[PDB]
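Remarks on the overall topology
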Amino acid sequence: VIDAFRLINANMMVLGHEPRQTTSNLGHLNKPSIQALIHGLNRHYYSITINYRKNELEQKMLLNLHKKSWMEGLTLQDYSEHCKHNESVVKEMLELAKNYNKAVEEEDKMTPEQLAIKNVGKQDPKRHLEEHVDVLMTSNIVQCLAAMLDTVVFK
Amino acid sequence: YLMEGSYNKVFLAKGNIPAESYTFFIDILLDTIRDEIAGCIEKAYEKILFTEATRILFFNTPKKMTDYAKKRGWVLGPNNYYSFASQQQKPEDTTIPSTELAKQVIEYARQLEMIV
């Protein structure tokens, strides 16, 4: 939120004129906020549009933000905790799957208008389930690819 | 009889044709049985006796046995036939698996997030 302003002399409105004689559409492309307009604004000062001067070089070197070391790409994630994480997640998948079919059976026995309210107080199994599938697949794919690349690129 | 290993009955029937001689085709059959048995014995067992080898194959004791061994390997010993033994070259390999597994996993991820 940046803005630019300049004063105007009350003389001009004593003549009954208005400042900023106008020849082009390009000044009117934005509207002031109500909060800015409660304060003086047009009855005392006027705003000017702004834009950002850029060049390619600084962009080309700024996007390096959060780039990382090549070696980081080839690490195998401690094969002993990996299986612990996996068959921790599977447990809550168990306890959720046993709670899914209740919400499948109640699919239609009540007015759908209040069905939204049926969500609000109590987490639903369906949406809350599939993020675990997302996690499991995303992890177990890359963990397996990296091992192959290693077992080829070194000796 | 020919579809499986039963071959004694085949040779017994080769002398039993109610139609005519049929030597023209049963000959070819005898040849294509000789070569097949020679190929199959190469891996059935470790050692054979020379008399036993000569008799299991239906030829007698002519120079034909010697020539058949010459045509193949069948190096003799003191009334001994050495087994050709290898059967261990294929195992303990991962590099070709280590490439086609990479291809397969890339294929899994291909059609997983892109809209199809």
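As summarised from the PDB record, the model derives from cryo-EM at a stated resolution of 3.6 Å.

Within the PDB entry, the label attached to chain B reads 26S proteasome non-ATPase regulatory subunit 8, and the organism entered is Homo sapiens.

Per the PDB entry, the recorded name for chain A is 26S proteasome non-ATPase regulatory subunit 14, and the organism is Homo sapiens.

1. Re the overall build of chain B
Broken down by element type, chain B carries 5 helices and 0 strands. Radius of gyration (C-alpha) of chain B: 24 Å, far over the 13 Å computed for a compact globule of 116 residues. For chain B, the spread of C-alpha atoms along the principal axes amounts to about 70 × 45 × 20 Å.

2. Overview of the packing of helix α4 (residues 79-105) of chain A against helix α6 (residues 125-153) of chain A
For any two helices packed against each other, the geometry is given by the interaxial angle and the distance between the axes. Residue and element names in this part refer to chain A. Running from N to C, α4 and α6 cross one another at 155 degrees; their axes reach a closest spacing of 10 Å. Here α4 lies roughly antiparallel to α6, going by the angle between them. Remark: the crossing between α4 and α6 carries left-handed chirality. Two secondary-structure elements touch here, α4 through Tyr-79, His-82, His-85, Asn-86, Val-89, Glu-92, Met-93, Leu-96, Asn-99, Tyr-100 and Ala-103 and α6 through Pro-125, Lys-126, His-128, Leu-129, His-132, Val-133, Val-135, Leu-136, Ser-139, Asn-140, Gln-143 and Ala-147. Split into classes, the residues belonging to the contact of α4 with α6 amount to 12 nonpolar, 9 polar and 2 charged.

What counts and what doesn't
Residues numbered from 1 in each chain as written, not as in the entry; some residues may be left out. Chains lettered and ligands numbered in written order. Part of a larger assembly, values for the part shown. Heavy atoms only, no water. Residues with missing side-chain atoms left out of burial classes, pairs and counts. Helix = DSSP H or I, 4+ residues; strand = E, 2+ residues; numbered from the N terminus. Rg over C-alpha atoms; globule rule 2.2 N^0.38 Å. Axes fitted to C-alpha atoms, helices over the stretch in contact; angles between N-to-C directions. Parallel < 35°, antiparallel > 145°, perpendicular 65-115°, else oblique. Left-handed = near helix turned anticlockwise from the far one by under 90°. Contact = heavy atoms within 4.5 Å. Nonpolar A, V, L, I, M, F, W, Y, C, P; charged D, E, K, R; others polar.

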